[PDB]
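Observations on the three-dimensional arrangement
Next come the chains, spelled out residue by residue.
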Amino acid sequence: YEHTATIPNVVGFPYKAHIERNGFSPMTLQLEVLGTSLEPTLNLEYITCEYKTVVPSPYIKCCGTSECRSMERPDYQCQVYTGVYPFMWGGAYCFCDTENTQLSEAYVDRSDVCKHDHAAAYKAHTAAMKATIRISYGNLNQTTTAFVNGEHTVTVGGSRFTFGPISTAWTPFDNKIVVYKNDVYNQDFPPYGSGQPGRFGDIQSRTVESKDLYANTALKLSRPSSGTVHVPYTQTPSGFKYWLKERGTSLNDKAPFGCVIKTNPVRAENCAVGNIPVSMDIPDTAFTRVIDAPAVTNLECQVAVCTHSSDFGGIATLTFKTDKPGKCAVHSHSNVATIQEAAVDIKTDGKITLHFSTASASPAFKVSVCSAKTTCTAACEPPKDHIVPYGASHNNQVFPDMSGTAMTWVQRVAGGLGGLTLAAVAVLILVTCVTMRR
Amino acid sequence: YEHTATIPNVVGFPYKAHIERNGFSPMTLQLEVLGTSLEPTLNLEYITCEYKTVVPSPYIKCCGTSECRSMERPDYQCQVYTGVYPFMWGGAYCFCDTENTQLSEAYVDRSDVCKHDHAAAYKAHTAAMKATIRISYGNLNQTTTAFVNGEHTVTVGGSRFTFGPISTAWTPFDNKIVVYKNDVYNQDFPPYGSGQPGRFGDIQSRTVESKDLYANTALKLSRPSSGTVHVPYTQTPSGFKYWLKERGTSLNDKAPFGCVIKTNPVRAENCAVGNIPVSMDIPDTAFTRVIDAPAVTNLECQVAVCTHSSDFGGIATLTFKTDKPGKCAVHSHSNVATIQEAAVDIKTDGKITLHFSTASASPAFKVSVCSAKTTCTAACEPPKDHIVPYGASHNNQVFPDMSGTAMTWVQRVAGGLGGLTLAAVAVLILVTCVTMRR
Amino acid sequence: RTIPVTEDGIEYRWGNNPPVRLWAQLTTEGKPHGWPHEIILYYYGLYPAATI
Ligand SMILES: CCCCCCCC/C=C\CCCCCCCC(=O)OC[C@H](COP(=O)(O)OCC[N+](C)(C)C)OC(=O)CCCCCCC/C=C/CCCCCCCC
Ligand SMILES: CCCCCCCC/C=C\CCCCCCCC(=O)O[C@H](COC(=O)CCCCCCC/C=C/CCCCCCCC)COP(=O)(O)OCC[N+](C)(C)C
Ligand SMILES: *[C@@H]1O[C@H](CO)[C@@H](O[C@@H]2O[C@H](CO)[C@@H](O[C@@H]3O[C@H](CO)[C@@H](O)[C@H](O)[C@@H]3O)[C@H](O)[C@H]2NC(C)=O)[C@H](O)[C@H]1NC(C)=O
Ligand SMILES: *[C@@H]1O[C@H](CO)[C@@H](O[C@@H]2O[C@H](CO)[C@@H](O)[C@H](O)[C@H]2NC(C)=O)[C@H](O)[C@H]1NC(C)=O
Ligand SMILES: *[C@@H]1O[C@H](CO)[C@@H](O[C@@H]2O[C@H](CO)[C@@H](O)[C@H](O)[C@H]2NC(C)=O)[C@H](O)[C@H]1NC(C)=O
Ligand SMILES: CC(C)CCC[C@@H](C)[C@H]1CC[C@H]2[C@@H]3CC=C4C[C@@H](O)CC[C@]4(C)[C@H]3CC[C@]12C
Ligand SMILES: CCCCCCCCCCCCCCCCCC(=O)O
Ligand SMILES: CCCCCCCCCCCCCCCCCC(=O)O
Ligand SMILES: CCCCCCCCCCCCCCCC(=O)O
Ligand SMILES: CCCCCCCCCCCCCCCC(=O)O
Ligand SMILES: CCCCCCCCCCCCCCCC(=O)O
Ligand SMILES: CCCCCCCCCCCCCCCC(=O)O
Ligand SMILES: *[C@@H]1O[C@H](CO)[C@@H](O)[C@H](O)[C@H]1NC(C)=O
Ligand SMILES: *[C@@H]1O[C@H](CO)[C@@H](O)[C@H](O)[C@H]1NC(C)=O
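The structure contained in this document is the topic of the report that follows.

So, how was this worked out
- Residues numbered from 1 in each chain as written, not as in the entry; some residues may be left out.
- Chains lettered and ligands numbered in written order.
- Part of a larger assembly, values for the part shown.
- Heavy atoms only, no water.
- Residues with missing side-chain atoms left out of burial classes, pairs and counts.
- Helix = DSSP H or I, 4+ residues; strand = E, 2+ residues; numbered from the N terminus.
- Rg over C-alpha atoms; globule rule 2.2 N^0.38 Å.
- Buried < 20%, exposed > 50% of the residue type's maximum accessible area, 1.4 Å probe, protein only.
- Contact = heavy atoms within 4.5 Å.
- Areas by Shrake-Rupley, 256 points an atom, 1.4 Å probe, with all protein chains shown as cover.
- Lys, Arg positive; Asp, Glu negative; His and termini not counted.
- Charge placed at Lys NZ, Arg CZ, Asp CG, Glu CD.
- Least-squares fit on C-alpha atoms.
- Salt bridge = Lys/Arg side-chain N within 4 Å of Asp/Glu carboxyl O.
- Polar contact = N/O pair within 3.5 Å; in protein donor to acceptor, adjacent residues only side chain to side chain.
- Nonpolar A, V, L, I, M, F, W, Y, C, P; charged D, E, K, R; others polar.
- Pairing = 2+ DSSP bridges.
- Disulfide = S-S within 2.5 Å.
- Near = heavy atom within 4 Å.
- Buried area = accessible area lost by both parts, 1.4 Å probe.
- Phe/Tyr/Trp six-rings, centres within 6.5 Å; stacked < 30°, edge-to-face > 60°.
- Patch = residues over 30% accessible without salt bridge, like charges linked within 9 Å, V, L, I, M, F, W, Y side chains within 5 Å.

When helices and strands are tallied, chain C shows two helices and two strands. Reading chain C from its N end, one meets helices and strands in the order β-β-α-α. Against the globule reference of 10 Å for 52 residues, chain C gives a C-alpha radius of gyration of 16 Å, more extended than a compact globule. Referenced to the eigenvectors of the C-alpha coordinate spread, the extents of chain C come out at roughly 50 × 20 × 20 Å.

Helix and strand content of chain A: two helices and 30 strands. In summary, chain A has a C-alpha radius of gyration of 38 Å against a globular reference of 22 Å for 438 residues, an excess of more than 25%. Seen through its principal axes, chain A has C-alpha atoms that stretch 130 × 75 × 45 Å. In chain A, buried positions account for 42% of the 438 residues. Excluding contacts between residues fewer than 6 apart, the proportion of contacts in chain A whose partners are at least 24 apart in sequence is 65%. Carbon and sulfur atoms make up 54% of the accessible area of chain A, which amounts to about 23700 Å² in all. Here chain A contributes 37 positive and 37 negative side-chain charges, whose respective centroids are spaced 5 Å apart.

Before going further, it helps to examine the environment of A:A424. Residues and elements named next belong to chain A. Here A424 is to be found in helix 2 (residues 405-437). Overall, the relative accessible area of 46% leaves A424 in the partly exposed class. Residues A424 and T374 lie 50 residues apart in sequence; the distance between their C-alpha atoms is 41 Å.

Let's shift gears to the relation of the copies chain A and chain B. Superposition record for chain A on chain B: RMSD 0.1 Å, screw rotation 179 degrees, translation along axis 0.0 Å. Viewed as a symmetry operation, the transformation between the two copies matches a two-fold axis.

Let's shift gears to the interface of chain A and chain B. Each partner contributes residues to the interface: chain A has 17 residues there, and chain B has 17 residues. Linking chain A with chain B are four salt bridges, by the criterion used here. The partner of B:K176 in a salt bridge is A:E151, and the shortest N-O contact between them spans 3.3 Å. On the surface where chain A and chain B come into contact, there are six residue pairs in polar contact. The greatest single-element share of the side of chain A that touches chain B, amounting to three residues, is contributed by strand 9 (residues 119-136) of chain A. A class-by-class count of the residues in the side of chain A that touches chain B yields four nonpolar, eight polar and five charged.

The next point concerns the sheet that holds strand 1 (residues 10-12) of chain C. Reading across the sheet, the three strands line up as 31(B)-2(C)-1(C) and stay open at both edges, with antiparallel pairing between neighbours. Two strands close off the open sheet at either side, each with one partner strand: strand 31 (387-388) of chain B together with strand 1 of chain C. One ladder, built from three bridges, connects strand 1 of chain C with strand 2 (residues 20-24) of chain C; its direction is antiparallel. Each bridged residue has a counterpart across the sheet, and for C:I10 the counterpart in strand 2 of chain C is C:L22.

Residues and elements named next belong to chain B. Applying the stated criterion across every chain yields a total of 14 disulfides over all chains. Between the sulfur atoms of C328 and its disulfide mate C370 the distance is 2.0 Å. Classification of the bridge connecting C328 and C370 rests on its S-S torsion, roughly -90 degrees, and on that basis the disulfide is left-handed. Linking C328 in strand 25 (residues 326-332) with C370 in the loop between strand 29 (364-369) and strand 30 (374-377), this pair joins segments that are 42 residues apart in sequence. Considered together, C328 and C370 belong to a single accessibility category, that of buried residues. Note on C78: no disulfide assigned, nearest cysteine sulfur contributed by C68 at a separation of 5.5 Å. Look at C78 and you get buried, because its relative accessible area is 14%.

To continue, consider the site of ligand 1. Residues and elements named next belong to chain A. Residues in close proximity to ligand 1 include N396, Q397, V398, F399, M407 and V410, which together make up its full environment. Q397 is positioned such that a nitrogen or oxygen atom in its side chain is 3.1 Å from an oxygen atom of ligand 1. Coverage of ligand 1 by the protein amounts to 23% of the 1100 Å² it exposes when considered alone. Per-class residue counts for the shell around ligand 1 are four nonpolar, two polar and no charged.

Attention now goes to the pairing of strand 4 (residues 27-48) of chain B. Regular strands show a simple pattern: their side chains alternate between the two faces of the sheet. All names here are of chain B. The buried fraction of strand 4 amounts to 16 of the 22 residues, a majority that puts the element mostly inside the structure. Looking at chain direction, strand 2 (residues 14-19) and strand 4 are connected through six bridges and run antiparallel. Bridging across to strand 4, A17 finds its partner in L29. Bridge analysis of strand 4 against strand 9 (residues 119-136) gives 16 bridges, and the strand direction is antiparallel. Each bridged residue has a counterpart across the sheet, and for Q30 the counterpart in strand 9 is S136.

At the junction of the two partners, chain C supplies 20 residues and chain B supplies 31 residues. Carbon and sulfur atoms supply 59% of the area that chain C and chain B bury against each other, a total of about 2100 Å² over both sides. If you sort the residues of chain C by the area they bury against chain B, C:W23, C:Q25 and C:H33 come out on top, with a joint share of 32%. Applying the counting rule to chain C against chain B returns zero salt bridges. Here chain C is connected to chain B by nine residue pairs in polar contact. Within the residue set of the side of chain C that touches chain B, elements represented by two or more residues are strand 2 and helix 1 (36-45) of chain C. For strand 31 of chain B and strand 2 of chain C, the ladder comprises two bridges, and the chain directions are antiparallel. The residue of strand 2 of chain C that forms the bridge with B:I387 is C:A24.

To continue, consider the packing of aromatic side chains. The description of two aromatic rings rests on the distance between their centres and on the angle between their planes. A complete count under the given rule lists 26 aromatic pairs over all chains for this structure. Relative to A:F87, the ring of A:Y85 lies with its centre 5.1 Å away and its plane at 5 degrees, an arrangement referred to as stacked. According to the relative accessible area criterion, A:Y85 is partly exposed, its value standing at 34%. Judged by centre distance (5.5 Å) and plane angle (90 degrees), the ring pair of B:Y46 and B:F189 falls under edge-to-face. One end of the pair, B:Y46, is in strand 4; the other, B:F189, is in the loop between strand 14 (183-185) and strand 15 (203-205), and 143 residues separate them in sequence.

A few words now on the arrangement of the chains. Contacts are most numerous, across the two pairs of chains in contact, for chains B and C. One finds no contact linking chain A with chain C; the least C-alpha distance across the pair is 35 Å.

On to a nonpolar patch on the surface. Where nonpolar side chains cluster on the molecular surface, the patch consists of C:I3, C:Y12, C:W14 and C:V20 and spans about 440 Å² of accessible area. Residue position: C:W14 is located in the loop between strand 1 and strand 2.

Right, let's talk about the side chain of B:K123 for a bit. Mapped onto the elements, B:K123 comes out in strand 9. Once residues within four sequence positions are removed from consideration, B:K123 is found in contact with A:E151, B:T41, B:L42, B:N43, B:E45 and B:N175.

This part covers the side chain of B:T48. Residues and elements named next belong to chain B. Residue position: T48 is located in strand 4. Accessibility expressed as a relative area gives 0% for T48, which makes it buried. Dropping the residues within four chain positions of it, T48 is found in contact with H118, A119, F200, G201, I203, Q204 and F240.

Glancing now at the pattern of salt bridges. The full count for this structure, using the stated rule, is 29 salt bridges over all chains. In this structure, A:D188 engages A:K176 in a salt bridge whose closest nitrogen and oxygen atoms are separated by 3.4 Å. In this pair, A:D188 is assigned in the loop between strand 14 (183-185) and strand 15 (203-205) and A:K176 in strand 13 (residues 176-180), connecting sequence segments 12 residues apart. Under the relative-accessibility criterion, A:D188 is labelled exposed at 64%. Here A:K176 falls in the buried class, since its relative accessible area comes to 9%. With a shortest N-O distance of 3.8 Å, B:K351 and B:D349 are connected by a salt bridge. According to the relative accessible area criterion, B:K351 is exposed, its value standing at 56%. Ionic contacts of the salt-bridge type, sharing partners, join the residues A:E45, A:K123, A:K176, A:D188 and B:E151 into one network.

Written out as structure tokens, the structure reads:
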């Protein structure tokens, strides 16, 4: 059977889709969102971590001279210092007074635990949404997972279900994404090969298995002091540790729509935004015939108590007359209220109770039991709690009924004013007619 | 030094970027595209291959009866047949003539060489371009590779080079991509879980290591014939082999702009479309001072022979007077012609030859030798070969010079007509002035 | 077989032979710097419709 429905993208909302099949008894279906996942595509740019300044022991050329040797090392520095007279504990290291050179060599290398402790810069685009849906209709009760697009169909008890394209392309991740362990940051990391010392990206490596390493740490070399072997050098501190103690909070603490950001792989789950179109393919076996379905007539709706709270604070009493017991499908054709249950026990007493959630003072929702029809009218009340720990189960409709007390007074005032205006119009029209008659 | 240039996205063409540095002698640079690669991002949808129909030996219940058992097997079929009287070579297998059942069981499984022989369905988006560029200026001659975007800088002999993003977002791949070995096809493969028997995607598997397999091959079971044990079944042939012998040609045979499609990874190389912006950071060391650069004066340009062919069919003779020998930078400030050489030997004889490529009958390009200035005018000729095996080395400019013979005749006709029109205007103006005078 | 070759050129492959790329030059029967009508012919042999 061909049928399409649209559901909210809310986790824990008991959406109900009603099928009015022609030759069969109506069926009401429970579409439940158990959990979603918005999965972006990540393009790794480089790997940033703490660096390691390797300063080997200086060669001290006692009464001699060497020259600097060029080396293919990131941030390599080399300096031959003349006139040095170092000292050791036992005495003077070199033989002459000022005829001596010391070779100072230093460079930047990937730290031993970039393999362990590192941050990855990513680009996020084309987020792919996948959601978990429970289908429970008639006698079956199943849960399946499908990609949310008009190109995936999953079998549920012989049924072909396709969760159509998500309504919005909104994503919480920006173009540039930096991931450290379980935290994701929306950060404009510097482009590869253009890093500054002391900031994030001072040293950059394309891959963990990369052999090429870019380092810009402003390494400097200076004369040793007289009678000391220490290879003086002044260098900018690691920008990775600076970022670590200036990162602040991650995207989990600022994501809109209550998104929960996790990593491995980077994803945003249970975001409450947009709608999920649903296309349904139900076979004949699921439906029930009206010859075996009870015939329900004389359905009136009266309401004892109703409160427009977040939960199902409305209580509806229905009276009807059936011929045989069985199970009807109940639905609200109006978004002013949502009936908690979908099928109730139908027996000879011809008197059932329904729980519904509304948000308006005077809701007018319509209830159909099997094929019967009736109108439910109520005066719902402002509820008791300022705060509750659960979300609203209604559609958040606050427009009162056309026949509500407020709309009744408004309509009375409008009717009186319109009667006065039409009386004035008729009087002037008659007067003008008489004037042209004379 | 800050300088930006724009180059064509053509392989085998050397762009000549000229730097007019203020305090130094002009320098002309070689921008050579050795090879590009447009690299799309692939999202694997499913894996399609030939299937394997596994038909085990049928259980023949001699004078007895069994029931079919449901199995969690893709495309599973299980039909029981009563009244069977099979025969073997030695005689009748069962005992009773009609009191017997045979259990027919068949199913579809991933073939043993889907691990080897399979086709992958992909989605292509966000193609990333990377190009190989040779830089040879002054005394250096180097080749480097960089991603074509305004976020990558590569060091070339102390210089900071950044190739800004591809002028156009055009890609040869469509949304849906099917890859088989070294061929790529722009095919609308069926969505996952919605395959038809006998076509591509009749059986689908998410991954090569997937345990779940979707199969829709319309498998059918039918009564065995009397006195035979053969498990009859009729099934749709594999859609994979149908696609293999109906695939046709791949994207390599229809890609625009002469793109060459390869796999591992899927890419489009050497596509001739768009422009590649270039940002240049040249230090002082590369440039040469005008005090050590020769001073060139009295530069006239006369042209012996020129043919507007694809190659450098134009020959230019320049006369000048210098004080010392050395090396000037030569450039064409007009796209009409492109000088083959960027620096020529400058000596005392004061005459130099140049090779240039043009496409117009009467080109007017301007040549600067060191800091000198002159105008080159020529009458180029229609060339000899209807077809050549090499691309054009010019900018394809066919507008003749403002002073060319055709433009000379046009301008003469326009001047005569304008003189006649202005004479008529003056005569009428004088006549009207006299009329208002009287 | 007849193959049209234009300014952008073609690349034809036949059998297992490596591909061959060919480009078309700016050829025509017109005279470039002669009388006006020869120049008409020259700019008509290449880019017909535009010069028409
Ligand atoms: C002393 C006498 C006072 C009488 C005052 C007016 C009384 C008459 C009012 C209505 C007459 C009935 C005709 C229907 C026209 C208005 C319909 C209406 O009222 O609701 C229409 C919609 C439905 O509501 P919803 O819950 O689906 O959307 C709320 C979204 N949520 C709750 C999720 C945040 O509401 C919306 O979208 C509205 C969203 C915000 C609109 C702000 C503009 C304020 C004007 C409203 C219209 C009132 C008319 C004023 C003059 C009339 C002359 C008598
Ligand atoms: C007295 C006669 C006055 C009547 C003139 C009427 C004009 C005709 C109108 C429509 C013609 C449609 C065809 C498109 C025009 C293409 C031109 C173009 O596009 O020019 C382009 C740019 O030009 C300019 O920058 C402007 C300079 C010229 C404009 C005004 C010049 C003054 C007078 C015109 C002389 C020509 C006409 C008179 C000769 C006839 C006498 C017997 C040529 O450069 P290019 O090689 O990139 O072009 C090749 C195209 N490529 C390489 C992209 C394939
Ligand atoms: C053993 O110790 C002797 C001490 O005499 C070293 O002789 C010194 O060797 C240095 C080598 O650089 C020489 O200095 C030289 O002096 C000349 C003249 O001023 C000047 O051109 C340079 O300063 C030149 O290097 C010189 O032979 C000598 N210097 C002194 C006398 O203090 C000898 O090299 C040592 N050999 C070893 C291997 O231990
Ligand atoms: C279908 O079955 C699921 C799983 O058993 C039901 O979910 C549970 O319902 C019972 C109460 O009846 C409790 O264990 C929990 O409330 C639910 N556990 C969960 C959330 O896994 C679910 O109620 C059924 N769905 C229908 C029939 O609507
Ligand atoms: C700079 O070097 C490149 C690479 O060596 C030169 O390219 C070579 O050109 C010669 C002709 O002189 C060819 O025979 C070689 O096959 C080319 N080598 C290649 C393509 O790998 C290039 O000509 C030089 N450019 C200058 C001198 O500016
Ligand atoms: C000697 C005189 C009278 C000959 C007449 C000159 C005319 C016919 C020639 C001179 C320059 C020519 C143009 C030069 C450039 C172009 C651009 C090209 O993409 C199409 C043809 C077109 C538009 C040519 C059309 C014909 C043209 C206008
Ligand atoms: C809705 C009810 C419709 C009935 C309308 C009743 C008409 C009112 C009765 C008197 C109307 C007379 C007003 C016209 C003024 C008479 C003086 C004049 O025309 O010069
Ligand atoms: C470019 C050269 C400028 C010189 C212009 C010369 C003027 C032409 C000489 C005669 C002009 C007389 C035409 C006006 C008609 C006279 C009869 C009348 O006005 O009733
Ligand atoms: C809405 C209340 C009922 C509607 C009728 C109201 C009667 C109003 C009185 C009529 C106006 C007096 C008639 C003479 C007016 C005139 O022509 O000057
Ligand atoms: C909304 C203001 C009036 C516009 C609508 C005009 C259509 C109704 C026709 C007007 C009445 C004409 C009948 C003749 C009587 C008269 O002259 O007053
Ligand atoms: C372009 C050639 C030179 C331009 C001058 C052309 C001279 C044309 C002759 C002038 C027109 C005759 C004067 C009397 C016209 C009148 O008023 O009727
Ligand atoms: C392009 C057509 C004419 C429009 C430009 C008008 C500006 C020039 C002024 C016209 C001439 C007025 C001088 C008085 C002489 C006369 O009456 O003819
Ligand atoms: C959030 O997401 C996971 C999987 O997407 C789901 O299993 C979990 O129940 C969800 N949490 C909520 C809000 O119920
Ligand atoms: C095509 O591409 C490769 C790499 O992108 C390059 O090495 C090769 O030279 C190119 N072929 C041409 C057209 O020169």
